[PDB]
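Working notes, beginning with the structure itself.
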Amino acid sequence: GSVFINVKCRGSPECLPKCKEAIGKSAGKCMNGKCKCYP
């Protein structure tokens with residue numbers, strides 16, 4: 001499962017820097033309006 005973060009998004013690319021800062025990897029997607037990250 002992905003790591004859920006409380007950061008809203010309208011597409012997946014914007015999540016990559018948010019994920020990198022939250023969990024340390026530029027790996028993620030926007031799902032149901034919030035970023036999901038993969039450590």
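By convention in this document, the chains of the structure tokens carry letters A, B, ... by their order, each chain's residues are numbered from 1, and ligands are numbered from 1 in the order they are shown.
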Near-residue 30 (chain A) list (10 Å; only C-alpha atoms; drop same-chain fewer than 2 positions) as a CSV table (one decimal) with C-alpha atoms, in the first residue's frame:
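Written out: around38.csv:
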```csv
chain,number,residue,atom,x,y,z
A,7,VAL,CA,-1.4,17.2,0.6
A,8,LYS,CA,-4.0,18.0,-2.0
A,9,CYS,CA,-3.3,17.6,-5.7
A,10,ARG,CA,-4.9,17.8,-9.1
A,11,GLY,CA,-2.5,15.7,-10.9
A,12,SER,CA,0.4,13.2,-10.3
A,13,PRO,CA,3.6,15.1,-11.3
A,14,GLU,CA,3.1,17.7,-8.5
A,15,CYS,CA,3.1,14.9,-6.0
A,16,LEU,CA,6.7,13.8,-6.7
A,28,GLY,CA,3.9,8.9,-6.1
A,32,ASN,CA,-8.9,11.0,-4.7
A,33,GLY,CA,-7.4,14.5,-4.6
A,34,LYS,CA,-4.4,13.8,-2.3
A,35,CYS,CA,-0.9,12.6,-2.9
A,36,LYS,CA,0.1,8.9,-2.3
A,37,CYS,CA,3.8,8.2,-2.0
```
I need the residues of chain A that end up classed as helix (DSSP H, G or I) by DSSP on the backbone, written out as a PyMOL selection string. chain A and resi 15-23
Take the residues that were just selected and, keeping N, CA and C atoms, output them as a PDB file, in the first residue's frame.
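In the end it all went to part_3.pdb:
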```pdb
ATOM      1  N   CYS A  15       2.861  15.670  -7.143  1.00  0.00           N
ATOM      2  CA  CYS A  15       3.109  14.864  -5.967  1.00  0.00           C
ATOM      3  C   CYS A  15       4.556  14.415  -5.767  1.00  0.00           C
ATOM      4  N   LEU A  16       5.342  14.354  -6.836  1.00  0.00           N
ATOM      5  CA  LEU A  16       6.680  13.818  -6.729  1.00  0.00           C
ATOM      6  C   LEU A  16       7.590  14.628  -5.753  1.00  0.00           C
ATOM      7  N   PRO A  17       7.637  15.957  -5.893  1.00  0.00           N
ATOM      8  CA  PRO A  17       8.415  16.737  -4.936  1.00  0.00           C
ATOM      9  C   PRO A  17       7.847  16.709  -3.523  1.00  0.00           C
ATOM     10  N   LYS A  18       6.522  16.647  -3.421  1.00  0.00           N
ATOM     11  CA  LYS A  18       5.853  16.504  -2.126  1.00  0.00           C
ATOM     12  C   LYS A  18       6.186  15.187  -1.447  1.00  0.00           C
ATOM     13  N   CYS A  19       6.180  14.114  -2.223  1.00  0.00           N
ATOM     14  CA  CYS A  19       6.588  12.823  -1.725  1.00  0.00           C
ATOM     15  C   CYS A  19       8.065  12.797  -1.349  1.00  0.00           C
ATOM     16  N   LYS A  20       8.898  13.399  -2.173  1.00  0.00           N
ATOM     17  CA  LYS A  20      10.344  13.379  -1.887  1.00  0.00           C
ATOM     18  C   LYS A  20      10.616  14.024  -0.526  1.00  0.00           C
ATOM     19  N   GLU A  21       9.929  15.118  -0.262  1.00  0.00           N
ATOM     20  CA  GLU A  21      10.084  15.850   0.986  1.00  0.00           C
ATOM     21  C   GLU A  21       9.457  15.084   2.166  1.00  0.00           C
ATOM     22  N   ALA A  22       8.298  14.462   1.944  1.00  0.00           N
ATOM     23  CA  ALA A  22       7.593  13.720   3.014  1.00  0.00           C
ATOM     24  C   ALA A  22       8.281  12.396   3.389  1.00  0.00           C
ATOM     25  N   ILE A  23       8.590  11.569   2.400  1.00  0.00           N
ATOM     26  CA  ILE A  23       9.081  10.217   2.641  1.00  0.00           C
ATOM     27  C   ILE A  23      10.389   9.866   1.967  1.00  0.00           C
TER      28      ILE A  23
END
```
Can you list every residue in chain A that DSSP puts in strand (DSSP E), as a ChimeraX atom specification? /A:3-8,28-31,34-37
Limited to N, CA and C atoms, could you put the picked residues into a file as a PDB file, in the first residue's frame?
```pdb
ATOM      1  N   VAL A   3       1.930   5.187   0.999  1.00  0.00           N
ATOM      2  CA  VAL A   3       1.900   6.093   2.147  1.00  0.00           C
ATOM      3  C   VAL A   3       0.989   7.274   1.781  1.00  0.00           C
ATOM      4  N   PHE A   4      -0.052   7.474   2.556  1.00  0.00           N
ATOM      5  CA  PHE A   4      -0.961   8.588   2.322  1.00  0.00           C
ATOM      6  C   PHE A   4      -0.342   9.822   2.958  1.00  0.00           C
ATOM      7  N   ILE A   5      -0.319  10.929   2.231  1.00  0.00           N
ATOM      8  CA  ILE A   5       0.005  12.196   2.850  1.00  0.00           C
ATOM      9  C   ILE A   5      -1.132  13.212   2.675  1.00  0.00           C
ATOM     10  N   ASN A   6      -1.177  14.157   3.578  1.00  0.00           N
ATOM     11  CA  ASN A   6      -2.274  15.089   3.610  1.00  0.00           C
ATOM     12  C   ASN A   6      -1.932  16.341   2.783  1.00  0.00           C
ATOM     13  N   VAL A   7      -1.777  16.140   1.483  1.00  0.00           N
ATOM     14  CA  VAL A   7      -1.399  17.179   0.552  1.00  0.00           C
ATOM     15  C   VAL A   7      -2.327  17.030  -0.633  1.00  0.00           C
ATOM     16  N   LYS A   8      -3.099  18.065  -0.925  1.00  0.00           N
ATOM     17  CA  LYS A   8      -4.040  17.972  -2.021  1.00  0.00           C
ATOM     18  C   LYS A   8      -3.336  18.162  -3.336  1.00  0.00           C
ATOM     19  N   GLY A  28       5.175   8.639  -6.658  1.00  0.00           N
ATOM     20  CA  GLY A  28       3.868   8.931  -6.133  1.00  0.00           C
ATOM     21  C   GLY A  28       2.823   9.153  -7.184  1.00  0.00           C
ATOM     22  N   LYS A  29       1.622   9.424  -6.708  1.00  0.00           N
ATOM     23  CA  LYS A  29       0.493   9.711  -7.595  1.00  0.00           C
ATOM     24  C   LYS A  29      -0.585  10.468  -6.827  1.00  0.00           C
ATOM     25  N   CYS A  30      -1.426  11.140  -7.583  1.00  0.00           N
ATOM     26  CA  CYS A  30      -2.574  11.845  -7.027  1.00  0.00           C
ATOM     27  C   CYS A  30      -3.756  10.939  -7.105  1.00  0.00           C
ATOM     28  N   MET A  31      -4.347  10.644  -5.960  1.00  0.00           N
ATOM     29  CA  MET A  31      -5.509   9.755  -5.910  1.00  0.00           C
ATOM     30  C   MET A  31      -6.579  10.309  -4.971  1.00  0.00           C
ATOM     31  N   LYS A  34      -5.586  13.631  -3.158  1.00  0.00           N
ATOM     32  CA  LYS A  34      -4.439  13.771  -2.286  1.00  0.00           C
ATOM     33  C   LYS A  34      -3.295  12.880  -2.751  1.00  0.00           C
ATOM     34  N   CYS A  35      -2.091  13.318  -2.464  1.00  0.00           N
ATOM     35  CA  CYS A  35      -0.895  12.562  -2.877  1.00  0.00           C
ATOM     36  C   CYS A  35      -0.733  11.234  -2.101  1.00  0.00           C
ATOM     37  N   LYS A  36      -0.218  10.227  -2.820  1.00  0.00           N
ATOM     38  CA  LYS A  36       0.143   8.918  -2.302  1.00  0.00           C
ATOM     39  C   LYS A  36       1.575   8.692  -2.740  1.00  0.00           C
ATOM     40  N   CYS A  37       2.395   8.198  -1.821  1.00  0.00           N
ATOM     41  CA  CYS A  37       3.839   8.165  -1.966  1.00  0.00           C
ATOM     42  C   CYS A  37       4.351   6.741  -1.759  1.00  0.00           C
TER      43      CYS A  37
END
```
